[PDB]
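In what follows, a single structure is set out as structure tokens and then discussed.
Please treat every number below as a calculation from the coordinates, not as lab data. Every residue, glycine as well, gets a Cβ built from its backbone with ideal geometry; the counts of neighbours run over all protein chains shown.
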RNA sequence: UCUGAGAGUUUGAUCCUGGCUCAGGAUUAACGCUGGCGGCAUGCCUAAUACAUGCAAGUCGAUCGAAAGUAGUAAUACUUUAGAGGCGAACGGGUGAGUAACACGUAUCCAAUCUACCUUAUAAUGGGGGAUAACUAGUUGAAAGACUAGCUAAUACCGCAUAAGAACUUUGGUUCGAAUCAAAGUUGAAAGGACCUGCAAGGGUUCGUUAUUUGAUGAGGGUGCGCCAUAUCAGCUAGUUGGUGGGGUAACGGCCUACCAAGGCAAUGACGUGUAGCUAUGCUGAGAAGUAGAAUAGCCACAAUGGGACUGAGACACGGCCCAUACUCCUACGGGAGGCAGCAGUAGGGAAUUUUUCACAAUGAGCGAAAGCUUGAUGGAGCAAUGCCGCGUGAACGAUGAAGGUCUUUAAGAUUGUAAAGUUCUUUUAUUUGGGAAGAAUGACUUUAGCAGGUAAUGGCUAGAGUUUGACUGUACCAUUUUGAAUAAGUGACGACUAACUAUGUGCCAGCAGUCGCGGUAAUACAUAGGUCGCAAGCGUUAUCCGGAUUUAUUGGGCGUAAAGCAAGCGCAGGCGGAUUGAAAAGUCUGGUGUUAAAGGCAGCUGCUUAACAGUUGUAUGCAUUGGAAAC
């Protein structure tokens with residue numbers, strides 16, 4: 001939604017660049033300027049509808065992480081990807097949150113070759129191929145029980161908390177808490193904090209930072225003091241017990257097993273069965 | 001950028017340290033540190049953020065906290 | 001590229017040829033006066049000097065100086 | 001002219017065609033604001049004739065500004 | 001800036017109610033103590049030249065509604081003339097447009113006068129004023145357009161307006177005229193400007 | 001008078017010498033967090049690194065022949081110019097690489113030089129000749145181009161005549177290396193165009209041109225004076241110093257040359273090295289002065305480097321030539337285009353320096369009697385909170401203060417907090433309606449009125465009427481135009497220095513920080529919540545400069561114990577120097593004149609509603625001259 005100023009037109013001939021001024025219905029050229037145009041954009045002068053297309057292509061998506069070597073070259077490579085994305089809107093680049101590095105996709109080996117040539121010639125940034133990364137979610141296996149203690153004197157006053165948490169993993173049902181404290185071993189005011197004490201800590205994994213998912217946590221016993229023993233003691237004890245449970249349980253990893261529809265003509269079918 | 005090499009202090013809790021990053025510099029003076037009267041800017045292309053911070057948003061380059 | 005530049009270049013090539021011709025016509029009569037120090041040679045030299053001064057090939061001060069040098073020699077005779 | 005943008009202030013000066021714009025000037029005639037519809041030039045009309053008689057003709061835009069004052073009516077007859 | 005937030009906050013803290021006893025009125029509490037969580041008996045020993053100069057300057061620029069940069073700018077403008085710079089500077093301050101409007105009672109507050117001027121409802125000598133920064137001379141007239149006099153609020157303010165002998169008001173025609181420089185007793189005596197003058201060490 | 005601020009930091013405690021940091025203004029600033037506008041300025045100091053493309057000097061047919069095409073039977077009318085020739089090109093544009101001295105700043109002397117066109121009027125614009133592009137043909141040729149022979153005109157070139165006037169020489173005369181003037185010897189100027197009138201002859205209006213001749217103007221040359229550091233740089237210099245003769249650039253000058261020589265500068269510091277555009281000016285303080293020499297205005301020079309010559313009036317010439325040098329590009333490989341410190345813009349650098357922008361609307365420039373052509377000079381617009389000014393982001397009423405929070409954390413309460421809940425009002429802005437600028441009043445074009453040597457003619461001068469004159473911009477701005485609190489705030493800090501504090505965590509771990517100095521157990525010094533204070537579409541932050549710092553001291557310090565008397569004597573140059581008498585007036589003080597650019601500062605005033613900004617009047621200081629004074 002802006003008016004672009006067409007500065008000059010030019011036709012790239014076999015060897016020469018013929019600078020022309022007028023273009024009629026049937027001829028094609030290029031414009032100097034409009035340095036922020038993206039392929040697929042339509043140009044309008046006499047208030048006509050835009051013929052912008054968005055459903056004419058298919059995704060060749062194959063994720064491949066590209067490991068960086070020098071941070072300055074990585075910073076320039078980010079700008080290079082920004083300047084090459086408009087070249088092919090169907091060219092895909094992901095930015096993994098756990099590993100903030102570029103994830104190239106393409107249509108095969110020659111696709112990667114042309115992309116790396118584009119990076120290494122115009123931008124002069126050359127990067128070596130690494131290896132892709134996967135989310136690799138986490139669960140674990142049942143454990144007996146976990147204790148948690150927190151005693152301090154810092155600040156001229158102590159802070160005290162004792163909790164017993166039994167940490168139950170699942171495969172389908174996410175985070176859920178059940179309370180079983182009876183007998184005044186904890187005041188009700190610190191019931192809801194512990195409800196938030198566990199789940200907030202549940203998103204940390206003891207292998208590579210992958211959040212722990214589909215777990216059930218429960219409280220059985222606990223201990224506190226007189227007017228001391230403020231709210232944060234049990235909140236931090238819950239997280240400490242969660243981390244200890246996740247560490248000593250020898251956790252298990254999960255990866256998505258993608259359903260693959262291999263469509264082939266009636267020539268490589270038996271070969272497809274053999275290859276699989 | 002010059003052939004000389006300079007000692008600086010890394011402000012705040014936490015670190016963005018990889019011993020390989022080009023980073024900018026800041027002035028100031030810290031007399032406790034022997035030989036260190038130069039500083040690294042926190043909140044630039046490197047040393048990008050300090051978390052939990054909601055004050056002193058002139059150093060540490062932390063985005064303004066809003067709900 | 002400047003069209004006036006090349007235009008003036010092709011013009012002053014010919015102008016330089018003509019100026020060199022007139023300068024040599026001057027100098028050969030100056031040599032003739034150096035050989036024959038008489039009134040006729042001085043008159044020819046001063047005529048040619050005026051001809052160059054008419055168009056402006058030789059500045060009036062330069063012409064006056066050279067004619068003073070020559071007339072001094074003639075007066076010594 | 002000089003001054004801030006959207007405020008044309010052209011000080012009236014005698015100009016020899018060899019000098020650059022608003023550079024070292026021979027002698028300032030006066031001051032005039034084209035925006036105001038009122039004669040405001042500070043001219044003595046005596047030194048102006050001095051510059052006219054010594055050559056180096058100033059801008060033509062002020063010649064009309066001197067026809068209203070009758071400078072020509074006396075200049076052309078003082079020429080004789 | 002131009003807005004100080006709650007007006008009662010400044011009045012309670014600095015002990016200066018712009019209205020005699022309305023900005024520190026019994027509005028749920030009647031106290032002269034500074035506001036905040038530390039309301040308690042304290043020993044005032046830092047009250048000195050630094051503290052008093054800051055207090056007078058802040059009260060000056062908050063009652064006048066002028067930002068610090070503009071305040072020093074007007075001080076420098078006063079510096080160009082000669083004489084007793086304190087009293088003359090205060091007179092130049094009092095010749096501010098919104099202050100004159102407030103003294104006429106045509107606007108309840110200087111901020112209300114600023115709103116009236118900026119929205120463009122004040123006419124000065126064949127020129128409508130849009131910037132609430134105008135210095136009036138003796139014999140300078142202020143008009144309110146027929147469009148801007150239809151409001152019950154402005155009429156109520158006019159009927160309960162401030163009286164000022166140094167200027168002439170025609171309430172039946174909504175006309176104002178800056179007659180003369182206000183005398184010393186006609187100026188607010190709350191603030192002593194000499195300390196603020198000594199606060200200028202930029203010379 | 002312009003006009004003056006300090007505090008802390010050594011000790012058990014006290015004072016003194018000194019240092020350090022803070023307290024404030026400014027940027028050719030930038031970073032970090034945010035982010036509304038109007039007005040205005042500013043926006044590569046690094047790589048004078050390399051740089052694609054468009055512009056950055058073009059113009060003249062009333063200069064010329066000819067060439068082509070639209071009409072016309074042809075003739076001729078109509079449109080353009082490829083070339084020659086003419087003017088212009090050396091100025092504008094941009095940088096500070098280099099330049100340490102008449103480069104810069106300033107006054108004279110040029111009896112040492114010139115200046116096309118502008119200003120001064122006068123003699124004249126006489127008669128001939130030859131070629132020459134353009135054009136054609138042939139050759140080398142892919143073109144690019146180059147070579148060869150004919151064809152053509154000129155305000156293009158070349159003889160001759162007239163040359164009052166001019167240059168040169170001689171005789172006389174003026175005056176203190178030169179002046180004015182009488183006669184004589186000698187020398188040399190060109191071209192017509194266009195228009196009108198007239199049968200013609202001829203005459204007239206303007207332009208083009210030569211000669212002569214007034215200023216103004218630019219450039220060049222000499223001059224005293226001041227105009228960076230540096231002695232941990234004592235000799236430097238060979239056309240150098242000077243003379244005779246000659247030649248030479250506008251001139252005098254070893255400027256150059258033939259001959260004869262021996263000095264010249266030089267401890268009042270030359271020479272050497274580093275650095276460097278300078279000045280007016282920007283900032284700082286009252287000032288001595290320091291700071292920076294953004295833009296700007298002038299001066300200075302190169303244009304990738306080292307050189308050279310030509311045209312031209314002026315160039316060794318931003319985008320002229322040639323040569324040598326480093327590179328790109330094309331090449332058919334034979335050879336060629338060459339050089340964005342012009343407007344831009346990009347590769348890279350850095351903190352960073354921008355549209356690959358409009359029109360020449362206006363001024364100017366270049367040119368042409370002209371319609372007028374070009375103009376990335378010039379004036380606007382775009383981006384960026386880089387900076388300054390203004391401006392909103394609401395206002396009135398509404399509580400022993402709603403809710404919640406924070407705190408004593410009692411079953412008082414305070415606190416946020418007229419903030420709010422909520423009711424009215426209100427539109428700069430968000431938003432449609434209408435209206436709509438000043439800026440040509442620049443000039444020219446067409447008509448008329450008067451003017452003049454001339455009037456036989458139109459042109460030359462002044463007036464009046466109509467024609468048009470914008471890139472800007474339906475912009476600014478205005479009018480109950482409509483709806484509307486709605487459309488817009490973050491920032492730093494609270495132990496003290498220096499106004500602004502309490503709670504939780506914290507255990508010398510984290511971390512704070514400009515200093516004193518804080519934190520190894522109730523931390524007002526840290527991290528967070530709340531409160532509070534100060535600024536604000538900006539806040540902090542660093543770099544850097546002036547003040548404080550008089551803390552390199554004529555103004556403005558000392559040398560016995562905090563730093564400091566050569567170990568003493570002799571002593572040059574130089575500095576300082578008794579009085580009386582006389583003179584002079586060099587310093588000194590004063591009167592007058594001219595210069596010391598504009599802009600800037602200071603004071604007064606004017607306008608864009610108003611600050612910012614622009615403009616007007618007065619306004620120092622120094623220089624030289626004239627005249628006074630003799631107290632030193």
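GNM remark for chain A: springs join alpha carbons under 10 Å apart, and the peak mean-square fluctuation among A:169, A:206, A:60 falls on A:60.
Exposure proxy ranking for A:36, A:46, A:96, based on other Cβ atoms within 10 angstrom of each Cβ and starting from the fewest, stands as A:46, A:36, A:96. Once each part is reduced to its C-alpha centroid, what is the distance from the stretch E:18-79 to the stretch A:238-276 in angstrom? Taking the Cα centre of the stretch A:238-276 as reference, the centre of the stretch E:18-79 is 71 Å away. Against chain A, whose longest principal axis comes from its Cα atoms, helix A:191-202 is set at around 50 degrees. Any chance you could check the Cα centroid distance between the stretch A:101-153 and the stretch D:3-56 for me, in angstrom? Between the Cα centre of the stretch A:101-153 and that of the stretch D:3-56, the gap is 74 Å.
In plain terms, the C-alpha convex hull of the stretch E:1-147 casts an average shadow of 11.6 nm² when viewed from every direction. Apply the a/c threshold of 1.5 to the C-alpha gyration tensor of the protein assembly as shown and tell me whether it is rounded, prolate or oblate. Here the protein assembly as shown falls in the oblate category. Taking the Cα atoms of the stretch E:93-184, the ratio Rg/Rh between the radius of gyration and the Kirkwood radius comes to 0.91.
Computed over chain E, relative contact order equals 19 percent, with contacts defined as Cα pairs under 8 Å that lie 6+ residues apart.
With neighbour counts taken as other beta-carbon atoms within 10 Å, the residues E:24, D:77 rank, fewest first, as D:77, E:24.
For the stretch B:1-45 versus the stretch A:1-35, the inter-centroid distance based on Cα atoms is 50 Å. Relative to the current alpha-carbon distance between residue A:142 and residue A:189, full extension at 0.36 nm per residue lengthens the span by 13.9 nm. Helix A:231-248 against the longest principal axis of chain A: what's the angle in degrees, Cα atoms only, rounded to the nearest 10? Compared with the principal axis, the helix lies near 70 degrees.
Contact order normalised by length for the stretch A:122-188, with contacts defined as Cα pairs under 8 Å and 6 or more residues apart; what percent is it? After rounding, I find 27 percent.
In chain E, helices alone account for a calculated mean residue ellipticity at 222 nm of -11000 deg cm²/dmol, with every DSSP H run of four or more residues adding -39,500 (n - 2.57). Its relative contact order, with pairs defined as Cα atoms under 8 Å and 6+ residues apart, puts the stretch E:93-184 at 31 percent.
Once the Cβ-Cβ distance of residue C:38 and residue D:54 is raised to the sixth power relative to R0 = 56 Å, the FRET efficiency obtained is 0.70. The angle between the Cα long axis of helix A:71-85 and the main principal axis of chain A comes to about 60°, on a 0 to 90 degree scale.
Shown for A:62, E:66: other C-beta atoms within 10 Å of each C-beta, ranked fewest to most, produce the order A:62, E:66. What does the C-alpha gyration tensor say about the overall shape of chain D? Classify as rounded when a/c is under 1.5, otherwise prolate if a/b is larger than b/c, or oblate. Since a/c reaches 1.5 but b/c is at least a/b, the shape of chain D is classed as oblate. For chain C, a Gaussian network of Cα nodes joined below 10 Å ranks C:25, C:67, C:55 by mean-square fluctuation, and the top entry is C:55.
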